[PDB]
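Engineer: Submitted below is the structure of interest, expressed as structure tokens.
Every number in this text was worked out from the coordinates using simple rules, so none of it is lab data. Because the Cβ atoms are built from the backbone with ideal geometry, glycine has one as well, and the counts that use them run over all protein chains shown.
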Amino acid sequence: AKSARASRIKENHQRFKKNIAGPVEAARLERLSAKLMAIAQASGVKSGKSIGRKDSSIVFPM
Amino acid sequence: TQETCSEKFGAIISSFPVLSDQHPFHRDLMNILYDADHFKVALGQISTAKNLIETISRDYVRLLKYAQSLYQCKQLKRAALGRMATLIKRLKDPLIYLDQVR
Amino acid sequence: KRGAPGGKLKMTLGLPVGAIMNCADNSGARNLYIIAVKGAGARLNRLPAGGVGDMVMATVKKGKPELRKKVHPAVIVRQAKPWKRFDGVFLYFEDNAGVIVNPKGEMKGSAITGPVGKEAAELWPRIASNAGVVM
Amino acid sequence: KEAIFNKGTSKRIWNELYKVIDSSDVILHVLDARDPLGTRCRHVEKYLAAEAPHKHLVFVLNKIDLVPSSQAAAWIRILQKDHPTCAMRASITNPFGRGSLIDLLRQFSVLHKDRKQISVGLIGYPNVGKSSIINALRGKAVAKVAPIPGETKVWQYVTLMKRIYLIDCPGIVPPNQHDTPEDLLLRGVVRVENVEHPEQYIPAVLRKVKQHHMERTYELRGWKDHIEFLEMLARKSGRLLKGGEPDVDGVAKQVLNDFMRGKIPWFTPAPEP
Amino acid sequence: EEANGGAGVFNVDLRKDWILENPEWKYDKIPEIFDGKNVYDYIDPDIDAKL
Amino acid sequence: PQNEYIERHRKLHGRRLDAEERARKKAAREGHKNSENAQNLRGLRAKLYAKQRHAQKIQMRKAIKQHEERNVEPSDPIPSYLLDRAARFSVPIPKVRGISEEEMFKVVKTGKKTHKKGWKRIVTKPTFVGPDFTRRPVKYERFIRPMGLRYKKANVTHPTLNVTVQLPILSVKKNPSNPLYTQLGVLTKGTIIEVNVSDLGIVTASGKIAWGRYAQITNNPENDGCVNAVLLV
Amino acid sequence: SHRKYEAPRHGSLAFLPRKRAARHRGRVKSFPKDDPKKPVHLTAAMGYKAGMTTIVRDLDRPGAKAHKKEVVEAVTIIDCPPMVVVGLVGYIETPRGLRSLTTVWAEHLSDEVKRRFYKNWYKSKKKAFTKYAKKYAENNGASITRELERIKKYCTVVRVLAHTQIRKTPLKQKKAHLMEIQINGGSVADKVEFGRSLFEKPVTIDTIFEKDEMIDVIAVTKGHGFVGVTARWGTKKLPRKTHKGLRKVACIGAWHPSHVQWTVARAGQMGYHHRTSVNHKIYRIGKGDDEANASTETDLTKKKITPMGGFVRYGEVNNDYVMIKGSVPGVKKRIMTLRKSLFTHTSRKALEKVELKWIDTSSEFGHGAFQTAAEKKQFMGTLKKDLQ
RNA sequence: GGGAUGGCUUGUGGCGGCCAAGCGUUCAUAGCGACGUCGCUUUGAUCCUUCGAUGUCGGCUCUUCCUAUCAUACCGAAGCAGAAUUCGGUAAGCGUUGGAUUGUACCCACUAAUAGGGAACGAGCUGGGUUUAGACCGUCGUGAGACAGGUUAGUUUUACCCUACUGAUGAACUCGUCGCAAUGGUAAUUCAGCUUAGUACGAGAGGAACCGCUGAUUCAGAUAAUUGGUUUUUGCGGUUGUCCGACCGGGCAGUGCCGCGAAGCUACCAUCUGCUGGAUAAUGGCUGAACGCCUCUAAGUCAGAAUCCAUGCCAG
RNA sequence: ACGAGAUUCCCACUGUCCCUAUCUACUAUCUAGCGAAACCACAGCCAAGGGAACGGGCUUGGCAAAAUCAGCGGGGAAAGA
RNA sequence: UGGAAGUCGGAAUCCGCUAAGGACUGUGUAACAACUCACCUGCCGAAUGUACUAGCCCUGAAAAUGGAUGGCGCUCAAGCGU
Ligand SMILES: Nc1nc2c(ncn2[C@@H]2O[C@H](COP(=O)(O)OP(=O)(O)OP(=O)(O)O)[C@@H](O)[C@H]2O)c(=O)[nH]1
Ligand SMILES: [Mg+2]
Ligand SMILES: [Mg+2]
């Protein structure tokens, strides 16, 4: 029997992923993303525009 | 070694057709195509070599029962295997003939 | 072909090697003694077992004497161990019984006494043809 | 085929046999008077004729009390055309032919007076009477005797005279491609307890035994076949299973045991000249 | 089936060859269980008269 | 199909289109493959490959030699009737290795206790037990000569005739190691045996058949499984 | 010498050590690989195991023996109250691995998620996140904007923090479960905008998963305590009256080294291990507000998923629930993590459409044969207490 | 009182005679000798030739390693049409079974296959070699007794110590929540059926394969909706004897016994699940020198095995 | 006829086994009290070498983090051995 | 020989034209045919071919816990010869 770690079985599974299950999982993904998108929608220093410093070791201490 | 030789020789003998048990048309057709005497001589030599290999193996197993050292056991094993190889080497022509007939 | 039916769903195997079942056809045998099953795997200490519709090797212990000298292929048609079908039904027959067939599945006998299993009727069309009741 | 019918052909048993042959000067081949040509080991006879012709082969027809005397005498003539033959009933209390056998062994010992002693080895099938012959010649139960086959498993020296020794051997069965399990079981090679499906050999017993002898032995008559015979014998003797079912297997085993132990009288007729 | 996937992939429509009075009912979900009772046991052509 | 159907298929349809090119390229790469096999095979496969290559090199060298000279004895001159022909009456093997009594006999232990009795000695070398031999009683035999080690014939070679025949053994004349070994009839190297030479047609000057002649065992039967001897002509 | 009859090993070496899990809540070891061209979505959720029930499914599997027939299958019910998102964690890539860079929390946190930070909530002053709630007010959330733009500028993996609403479950536990759910799809700026738009909002299970989708379930299995070799590894029992134990391994070693090997079956902890099971098909995502969420298109009985008399040792499911074909690792009342599949499926079973015909709502407290109380009342008839 | 051969071994005989490349050898022209060859070791027979335990092996459970590969994966060759094979190569990932026979190691069946070994044979349990004391028979001895031997019944009985292993805690760094992943382990396996297709192939008999689909064997990890099992739920009922005067309600018979029995635990006796990338070996090639032909190799490079390494997975 | 004598088989019968699962009591477990003994050169992680086919200490490497509890029978130890 | 024309076999294996060509080296045909090799000539342009010998390197046989030029590691050496 051909193993799970067989090159031909991997190629067949890759073709199945690219041609068959891919569009179905994709369309499910836009439906779910739209559904939860609906829920989601429904000076530099003093404004945070410039990312400043927050308020052993890699080098020898010297 | 004896079991391998006997299995192969029995496979050769038991698979080739037996002329006495064929239809007369098939028997005489094989007599025309092949010399029936040569066919029976080749298969008889195969059976004779098989039986002699079995006898050699039995004799050397009996001697290995009484061998008293590893050197003596090694020499007895080499002697038995060399005798079997010589018996097979004395069958150069029947094996080729039987392959062509096959 | 080694007499292994294809397309058989997994069910409980209630008849191990050494079991004695009834002989349901009219071939002349009264009982079958199982010596091996067809399609058994390799496992240490595990007795091979068979269920309804499985082909086994059996010997005749009671019956017409010329059936007692050979090893016959048989198909198990009834078992008393409860097993589940795909529709969720757990069921069991009144006794353990099988029929003597050839290696190709054609029956030696001419008629079957009592019902036969659905699985046996599915996997052996000659048993479905020579059966009277299918359960 | 069961290994119980392969019993008697073991390499250990035949090593014992060849040890007895190599240690023996005189070889007593024991034959059953009921089946003389069936219990004859022409295999060992050919080996003795080819490889060791100096050893003296002597036939002993044992169990002559189970055959008619005319048939026994005819078999004696047929065997004495080939080899020197002694008829014998091997019993410690009431033997027959013991004096003749001791006279023959004395002739062989006087013939081999140059040696310090001679050894006489006994060969044959199982249950032909080898150990019983040794005990009858000795006058004392020096060897174990049983009606089951294979009671003697090893070789044993018994000192009969100061210059004559006796060697026991396990029962041997030469392999033959014409011998059937039914033939071996009727010759008494196997034990009936170990064999499977015993009732198939009952028709052979009914062929080998006259009907009136069976009817007189079992006080039972009127059967149409061996199955009905075993069934009515089971119902008469009470050999019943749970539910009033007759024990045809046990009754068949009893019949086979009687057949090989001589409770049922039978013999093979001698060939007509 | 060969144009639509092959053996083991093409799903056959068993309600395509149904003969009904109204073809719009060809793909209805026929009720089976209602309040612990079988609908097919209560299916009767004269149910209006009996009721 | 029937008869030479593959040949008929080649006659009607040919072979593969690249078959000749692939065969030519394989024959061209055969040298590289042979060198790679010589330098990369491991173990017994490599040893067998090397021995077979040595055999083909010897055969090819001899063939080249024979094609090169396609186009091309004792010292004293003697006549044709004296050709192929050849005091001290020595045997071919005047001295062999002595055999110790541990190598000759092993101790057979008997008894039922933990402490066994060890008086029995089993002969480990081939023996000729003689004619009309019957084994001694087991209580009285000390020297055990097993049946599997007994030989009755030997492959005897005639030195002048250069032929080997299987002759029966009549007696063991001298085992050089020990007179006890000669008494037991042990067949070892350098042993003088007596053989029946009735099948060789040796005749006395008036017509009497010489049917007994000495020969010397020239092999090691305990290591070879056979007895090989040379006539003392 | 060698072993005379070959036999495969008892147990798998891939699940060693057989110790108790380091945490009660299951850990998502790996998330599905992120594709920036995909739309933004959440990849995981949590629920609580209610129990199991029986369904009848009209199977559409071409080439199968049960094709166009009815099959009875076991399913697991998971109660899924909506999840509240209260955080956003940023991850960066380093040559030592992924590293968390910063974490931005919501302004208002519920007491359910505040209980998670405390071991003695009843004695506490409940001071958690009180000073952090003031940085939303001071400087108009300048620090919050700075951390969010730090995530947008430096991070590559964005995960939200979501906590369960355990008060909607019949569990006596009031301490909620909080986990990181990775946003997959889009760019990092899109992920951060998505997370900030999802702060303080409940997220239901039907916006994360869909019916007929195969998911993974991560949890901790049923604990069994100290268990011997016979049940822990499946070794063959020794014969009757074997001296010094018969539920043992006869030889823990007969060969060199002069040690006990790690591959030998030994008695110890069995169960309560962390397990991730894959390819579990979602059969129904039922809504809590529906009063007939256990009714199919053929079974017209208006009833809920809760069995008659309620789930044994769990209670009653009153929220959105997920029905999963088969079994999942864990026990009743246990927290379960539902995860998106890491790879595109390679089976037609993941592409099948599930059409349910009946769901069992009879009592699992016995041999219950009635699906509603009305059915039992109609079958039994009038009792003494009715006239009483 | 004293003790308890080893960088061995493996696949191809001996003896005797020729031939011979070669080694030697020129004031002696002897002697060894690879490769070979020749003699001794039934016209498919016979089944009427089994040729000596002083030395001892087995079995249960369980783990790991080697390859000297039986099967599965891939590849080269063969009148290899197809089907089934045979020979050989890479490869130890993954499997390699159930029985009969003790008058003393071979048969039978299933199966993809029923491959061979090591870690013992240079104080776990249990049957023989094997043998304390009782007893009998055979052989030997005048005898006590011994043995060529055969049979029967028969006393060693740890662990609580250290280490190793399997699990469970834990001081120091305030407590807690969410995480990362160095390292260690690592998992799937084989068969059948539908379609291709009664097609390729074939005189006929027969009769494939790729893609696609569905199950099953063995292993592994879970789980208890359902079905069996389990009952101190001593939950309800029945019943024997005795005792509490009878009934009711109870005690005792160490759970009196019996029937059903939720819950819990459980079972291929139940159900569910077991996943994808790169680099390679053998080989097949491309471009092209060595070497003016040629060449898969030398520089460069393509593909390719269940192999190797990682992801998925477990511990942290 | 008799026998706790030795052996083979048949029916019945069954957890002997496929193939294990569950229940009870007493322990083992934890606590209060009470409380030994065997054994003990010193101590206890391995791999390779250490001519006297021995290694726990030597050499060269792997490595190596307090203090603990329940089991376990590989090794050490342990048999009036 | 049914057929055999150098090329299924056995035995011989010569001469002519030659620059050179075997009573033939293989492929091939039922047999022929055809192709090719040995050999010769034309183009070219300067060094090659055969067999041995001496160095270093590969193989020249290996089992079974994971391991050893002492270990890392070393490639115009940290290997080998002076
Ligand atoms: N009627 C009769 N029966 C005899 C005679 N001799 C022996 N038997 C019976 O035959 C049986 C066989 O006796 P054994 O001494 O054991 O003969 P065996 O050939 O040595 O048997 P094995 O021990 O198996 O070798 C005994 O049980 C006797 O009853 C005889 O002369 N007459
Ligand atoms: Mg007897
Ligand atoms: Mg006897």
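Engineer: Look at the range G:317-356 and say how many of its residues are of a type in the set (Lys, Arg) and surrounded by fewer than 17 Cβ atoms within 10 Å (Cβ to Cβ). Step through it out loud before you land on a result.
Structural biologist: The initial filter retains those residues of the range G:317-356 that are of a type in the set (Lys, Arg), namely G:325, G:332-334, G:339-340, G:348-349, G:353.
Imposing the further condition that a residue be surrounded by fewer than 17 Cβ atoms within 10 Å (Cβ to Cβ) reduces the set to G:332, G:348-349, G:353.
Of the residues in that region, 4 qualify.
Engineer: Can you tell me which residue within the range D:241-263, out of those that are within 17 Å of residue D:183 (Cα to Cα) and of a type in the set (A, V, I, L, M, F, W, C), is nearest to ligand 3 (Cβ to nearest atom)? Spell out how you get there, then give the answer.
Structural biologist: From the range D:241-263, those within 17 Å of residue D:183 (Cα to Cα) are D:252-253, D:255-262; that's our starting set.
Subsequent filtering for residues that are of a type in the set (A, V, I, L, M, F, W, C) retains D:252, D:255-256, D:259-260.
Numbers: D:252: 26, D:255: 24, D:256: 20, D:259: 20, D:260: 15 Å.
It comes out as D:260.
Engineer: Something else about it: Report, by residue number, each residue of the range D:30-85 that is within 14 Å of chain F (Cβ to nearest Cβ) and among the hydrophobic types (A, V, I, L, M, F, W, C).
Structural biologist: First, pick out the residues of the range D:30-85 that are within 14 Å of chain F (Cβ to nearest Cβ): D:47-48, D:50-57.
Residues satisfying the conditions are D:48, D:50, D:52, D:57.
Engineer: Test of understanding: among D:163, D:191, D:106, which residue is more than 18 Å from residue D:63 (Cβ to Cβ) and within 16 Å of RNA strand I (Cβ to nearest atom)?
Structural biologist: Working: D:163 fails: within 16 Å of RNA strand I (Cβ to nearest atom); D:106 fails: within 16 Å of RNA strand I (Cβ to nearest atom).
On inspection, the qualifying residue turns out to be D:191.
Engineer: Tell me which residues, restricted to the range F:154-198, are within 27 Å of residue F:83 (Cβ to Cβ) and either small (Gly, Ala, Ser) or assigned to a loop (DSSP other than H, G, I, E, B) (or both). Give the derivation first.
Structural biologist: Residues of the range F:154-198 within 27 Å of residue F:83 (Cβ to Cβ): F:156-165, F:197.
Within the range F:154-198, F:159, F:160, F:161, F:162, F:197 qualify.
Engineer: In this structure, is residue C:34 within 14 Å of RNA strand I (Cβ to nearest atom), in contact with a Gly (Cβ under 8 Å, 6 or more places away or on another chain) and outside any loop (DSSP other than H, G, I, E, B)? Step through it out loud before you land on a result.
Structural biologist: Values: within 14 Å of RNA strand I (Cβ to nearest atom): yes; in contact with a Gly (Cβ under 8 Å, 6 or more places away or on another chain): yes; outside any loop (DSSP other than H, G, I, E, B): yes.
Answer is yes for this residue.
Engineer: Evaluate the following for residue C:25: is it among the acidic types (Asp, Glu) and within 11 Å of the chain's Cα centre (by Cα)?
Structural biologist: On the way: among the acidic types (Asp, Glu): yes; within 11 Å of the chain's Cα centre (by Cα): no.
For residue C:25, the condition - among the acidic types (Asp, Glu) and within 11 Å of the chain's Cα centre (by Cα) - is not met.
Engineer: Separate question: Are there strands (runs of 3 or more DSSP E) fully within the range G:29-97 with at least 1 residues that are more than 12 Å from every other protein chain (Cβ to nearest Cβ), touching a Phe, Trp or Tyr at 6+ places or on another chain (Cβ under 7 Å) and surrounded by fewer than 17 Cβ atoms within 10 Å (Cβ to Cβ)? List them.
Structural biologist: Details: elements: G:44-58, G:70-79, G:83-94.
The strands (runs of 3 or more DSSP E) meeting that bar are G:83-94.
Residue-wise test of (1) within 16 Å of RNA strand I (Cβ to nearest atom); (2) farther than 30 Å from residue D:104 by Cβ; (3) not aliphatic (A, V, I, L, M).
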| site | (1), (2), (3) |
| --- | --- |
| D:149 | yes, no, yes |
| D:196 | yes, yes, yes |
| D:211 | no, yes, yes |
| D:216 | no, yes, yes |
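Engineer: Hey, residue D:173 hits all of (1) in contact with a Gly (Cβ under 6 Å, 6 or more places away or on another chain); (2) away from ligand 2 (no atom under 16 Å from the Cβ) but one; which does it fall short on?
Structural biologist: The single condition residue D:173 does not satisfy is (2).
Engineer: Name the residues in the range B:66-77 that are facing chain F (nearest Cβ under 9 Å) and within 23 Å of the chain's Cα centre (by Cα), would you?
Structural biologist: Within the range B:66-77, just B:76 meets the criteria.
Engineer: Residue G:235 is checked against (1) buried (at least 17 other Cβ atoms within 10 Å of the Cβ); (2) touching a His at 6+ places or on another chain (Cβ under 9 Å); (3) closer than 30 Å to residue G:180 by Cα and fails just one. What number does that condition carry?
Structural biologist: With (1) buried (at least 17 other Cβ atoms within 10 Å of the Cβ); (2) touching a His at 6+ places or on another chain (Cβ under 9 Å); (3) closer than 30 Å to residue G:180 by Cα applied to residue G:235, the lone miss is (3).
Engineer: Only residues that are closer than 20 Å to residue G:213 by Cβ and among the hydroxyl-bearing types (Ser, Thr, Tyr): list them for the range G:8-47, please. Show your work before the answer.
Structural biologist: Here is the first cut: in the range G:8-47, the ones closer than 20 Å to residue G:213 by Cβ are G:26, G:28, G:30-35, G:38-47.
Within the range G:8-47, G:30, G:43 qualify.
Engineer: Just the residues that are hydrophobic (A, V, I, L, M, F, W, C) and outside any loop (DSSP other than H, G, I, E, B), please, taken from the range D:163-177. Before you say what the answer is, go through the steps one by one.
Structural biologist: Taking the range D:163-177 as the starting set, the residues that turn out to be hydrophobic (A, V, I, L, M, F, W, C) are D:164, D:166-167, D:169, D:172-173.
The answer is D:164, D:166, D:167.
Engineer: Could you pull out the residue among G:242, G:263, G:276, G:230 that is outside any strand (DSSP E or B), among the β-branched types (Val, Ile, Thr) and either surrounded by 13 or more Cβ atoms within 10 Å (Cβ to Cβ) or within 16 Å of ligand 1 (Cβ to nearest atom) (or both)? Even if it seems obvious, please write down each step before you answer.
Structural biologist: Working: G:242 fails: either surrounded by 13 or more Cβ atoms within 10 Å (Cβ to Cβ) or within 16 Å of ligand 1 (Cβ to nearest atom) (or both); G:263 fails: either surrounded by 13 or more Cβ atoms within 10 Å (Cβ to Cβ) or within 16 Å of ligand 1 (Cβ to nearest atom) (or both); G:276 fails: outside any strand (DSSP E or B).
Exactly one of G:242, G:263, G:276, G:230 is outside any strand (DSSP E or B), among the β-branched types (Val, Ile, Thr) and either surrounded by 13 or more Cβ atoms within 10 Å (Cβ to Cβ) or within 16 Å of ligand 1 (Cβ to nearest atom) (or both), namely G:230.
Engineer: Right, next: State whether one or more residues within the range D:129-147 are more than 23 Å from residue D:94 (Cβ to Cβ), within 10 Å of ligand 1 (Cβ to nearest atom) and either within 14 Å of chain F (Cβ to nearest Cβ) or assigned to a loop (DSSP other than H, G, I, E, B) (or both). Steps first, answer last, please.
Structural biologist: Step one: of the range D:129-147, the residues more than 23 Å from residue D:94 (Cβ to Cβ) are none.
Within the range D:129-147, not a single residue is more than 23 Å from residue D:94 (Cβ to Cβ), within 10 Å of ligand 1 (Cβ to nearest atom) and either within 14 Å of chain F (Cβ to nearest Cβ) or assigned to a loop (DSSP other than H, G, I, E, B) (or both).
Engineer: Looking only at residues that are within 14 Å of chain F (Cβ to nearest Cβ) and small (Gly, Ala, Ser) in the range D:116-128, which one is farthest from RNA strand J (Cβ to nearest atom)? Explain how you work it out, then say what you get.
Structural biologist: Narrowing the range D:116-128 to residues within 14 Å of chain F (Cβ to nearest Cβ): D:116-121.
Add one more test, that the residue is small (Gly, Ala, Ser), and what stays is D:119, D:121.
Values: D:119: 48, D:121: 46 Å.
Step by step, filter the range D:116-128, then rank; the result is D:119.
Engineer: Report yes if some residue within the range B:54-65 is of a type outside the set (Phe, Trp, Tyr), within 14 Å of chain F (Cβ to nearest Cβ) and not in a helix (DSSP H, G or I); otherwise report no. Write out each step before concluding.
Structural biologist: In the first step, residues of the range B:54-65 are kept if they are of a type outside the set (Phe, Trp, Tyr); the result is B:54-59, B:61-65.
Among the residues that remain, those that are also within 14 Å of chain F (Cβ to nearest Cβ) are: B:55-59, B:61-65.
Next cut, not in a helix (DSSP H, G or I) only: B:65.
Among the residues of the range B:54-65, at least one is of a type outside the set (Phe, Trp, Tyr), within 14 Å of chain F (Cβ to nearest Cβ) and not in a helix (DSSP H, G or I), which makes the answer yes.
Engineer: Can you spot a residue in the range E:35-45 that is within 11 Å of chain G (Cβ to nearest Cβ) and assigned to a loop (DSSP other than H, G, I, E, B)?
Structural biologist: Within the range E:35-45 (the criterion being within 11 Å of chain G (Cβ to nearest Cβ) and assigned to a loop (DSSP other than H, G, I, E, B)), the answer is yes, since at least one residue qualifies.
Engineer: Quick one: which helices (runs of 4 or more DSSP H) lie wholly within chain A and hold at least 1 residues that are in contact with a strand residue (DSSP E or B) (Cβ under 9 Å, 6 or more places away or on another chain)? Break it down into steps so the answer makes sense when it comes.
Structural biologist: On the way: elements: A:7-16, A:22-41, A:44-47.
Result: A:22-41.
Engineer: Looking at the range C:80-105 only, could you name the residues that are among the basic types (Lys, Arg), surrounded by 14 or more Cβ atoms within 10 Å (Cβ to Cβ) and more than 14 Å from chain G (Cβ to nearest Cβ)? Working first, answer last.
Structural biologist: Start the filter on the range C:80-105 by keeping residues that are among the basic types (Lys, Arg), which leaves C:81, C:84-85, C:104.
The next check asks that each one be surrounded by 14 or more Cβ atoms within 10 Å (Cβ to Cβ); those that pass are C:81, C:84-85.
Within the range C:80-105, C:81 is the sole residue that qualifies.
Engineer: Can you say whether residue F:135 is away from chain B (no Cβ under 14 Å) and touching a helix residue (DSSP H, G or I) at 6+ places or on another chain (Cβ under 8 Å), as far as the supplied structure shows? Reasoning before the result, please.
Structural biologist: Values: away from chain B (no Cβ under 14 Å): yes; touching a helix residue (DSSP H, G or I) at 6+ places or on another chain (Cβ under 8 Å): yes.
Answer is yes for this residue.
A quick yes/no check of all residues on (1) more than 19 Å from residue G:326 (Cα to Cα); (2) acidic (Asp, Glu); (3) within 29 Å of the chain's Cα centre (by Cα):
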site: G:185; (1), (2), (3): yes, no, yes
site: G:195; (1), (2), (3): yes, no, yes
site: G:219; (1), (2), (3): no, no, yes
site: G:230; (1), (2), (3): yes, no, no
site: G:233; (1), (2), (3): yes, no, yes
site: G:242; (1), (2), (3): yes, no, no
site: G:260; (1), (2), (3): yes, no, no
site: G:276; (1), (2), (3): no, no, yes
site: G:293; (1), (2), (3): yes, no, yes
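Engineer: Can you report the number of residues in the range G:279-316 which are among the small types (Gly, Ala, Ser) and crowded, with 20+ Cβ neighbours inside 10 Å? If you could, list the steps in order and put the result at the bottom.
Structural biologist: Narrowing the range G:279-316 to residues among the small types (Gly, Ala, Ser): G:286, G:288, G:292, G:294-295, G:309-310, G:315.
This time we only want the ones that are crowded, with 20+ Cβ neighbours inside 10 Å, so: G:286, G:294-295.
The total comes to 3.
Engineer: Return the only residue of G:222, G:211 being surrounded by 13 or more Cβ atoms within 10 Å (Cβ to Cβ), within 14 Å of chain A (Cβ to nearest Cβ), away from RNA strand J (no atom under 16 Å from the Cβ) and among the charged types (D, E, K, R). Lay out the reasoning, then the answer.
Structural biologist: Numbers: G:222 fails: within 14 Å of chain A (Cβ to nearest Cβ).
Exactly one of G:222, G:211 is surrounded by 13 or more Cβ atoms within 10 Å (Cβ to Cβ), within 14 Å of chain A (Cβ to nearest Cβ), away from RNA strand J (no atom under 16 Å from the Cβ) and among the charged types (D, E, K, R), namely G:211.
Engineer: Within the bounds of the range F:131-152, is there any residue that is surrounded by 17 or more Cβ atoms within 10 Å (Cβ to Cβ) and polar (S, T, N, Q)?
Structural biologist: Yes, the range F:131-152 contains a residue that is surrounded by 17 or more Cβ atoms within 10 Å (Cβ to Cβ) and polar (S, T, N, Q).
Engineer: Another question about this same structure. Please return the ranges of strands (runs of 3 or more DSSP E) entirely within the range C:47-120 where 1 or more residues are among the hydroxyl-bearing types (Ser, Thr, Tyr).
Structural biologist: Values: elements: C:55-63, C:71-78, C:97-100.
Counting at least 1 such residues, we get C:55-63.
Engineer: Based on what the data block shows, is residue G:203 among the β-branched types (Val, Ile, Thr) and more than 15 Å from the chain's Cα centre (by Cα)? Can you show your working first?
Structural biologist: On the way: among the β-branched types (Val, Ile, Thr): yes; more than 15 Å from the chain's Cα centre (by Cα): yes.
So residue G:203 passes the test.
Engineer: To continue, here is another question. Which numbered condition trips up residue G:383, out of (1) away from chain E (no Cβ under 14 Å); (2) among the aliphatic types (A, V, I, L, M); (3) closer than 26 Å to residue A:24 by Cβ?
Structural biologist: In the conditions (1) away from chain E (no Cβ under 14 Å); (2) among the aliphatic types (A, V, I, L, M); (3) closer than 26 Å to residue A:24 by Cβ, residue G:383 misses (3) alone.
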